[PDB]
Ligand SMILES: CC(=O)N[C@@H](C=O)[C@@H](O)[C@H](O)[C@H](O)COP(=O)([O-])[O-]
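Shown next as structure tokens: one chain only, the form solved without the named molecule.
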């Protein structure tokens, strides 16, 4: 196969810049592709280089209304696994029907639904010429993700697996250690609340960083205000 060549490529475009996660799941007040599209326009207008979004409907809306590069995921619970970020080939194939340039998945050590193997997911993503991002929780998971052929790794799941560091703040140590150790881009994602934390993540050698709720979850932002009173 062949296709025409683009001047801009996603990893180059996000380097040194901000990615904004625009997510709102069914139990959140902004659950709506319409609203996530508007959040992404806001993000774009505020200088975001790319968007991370969940679900086919939100991804398609955001692409239409912003034309930004997208990291797409589908979050889905399975009865036979603890993994929920793009757990199986079913979600990969659903995502491949969208135009998102990168697909992120859980690349933890954990058993996937139906006994599926994360290498098969990465290979399917690459077979359609897309990029794969490994959402990890530990240093060793990042190492293995590079070995598996992921295009980049993200610290998304640190603090969201039982055996990873439990914290209410950014996991900067995992960031620094991944930067000591893997060659592929390391993206800092998880609990970035302040511009100072963002700048610190980049200063520590994050290739790029993702800010989510601190921009796109007004409930969370509001609670951070009311908590100090």
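Positions refer to the first chain, counted from 1.
In what follows, reference is made to the form solved in complex with the named molecule, a form of this protein that is not presented.
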If you check 38, 63, 200, 191 against the named molecule in the deposited bound form, which one has a heavy atom within 4.5 Å? 191
The unique member of 73, 121, 145, 83 whose heavy atoms fall within 4.5 Å of the named molecule in the deposited bound form: 73
Quick one: is residue 210 in contact with the named molecule in the deposited bound form, heavy atoms, 4.5 Å cut-off? yes
May I ask you to state whether residue 34 is within 4.5 Å of the named molecule in the deposited bound form, using heavy atom distances? no
With the cut-off set at 4.5 Å between non-hydrogen atoms, does residue 160 touch the named molecule in the deposited bound form? yes
Although the partner isn't part of this model, could you tell me whether residue 137 comes within 4.5 Å of the named molecule in the deposited bound form, counting any heavy atom of the residue? no
Of 55-63, 200-208, 182-190, 40-48, the segment with heavy atoms within 4.5 Å of the named molecule in the deposited bound form is residues 182-190
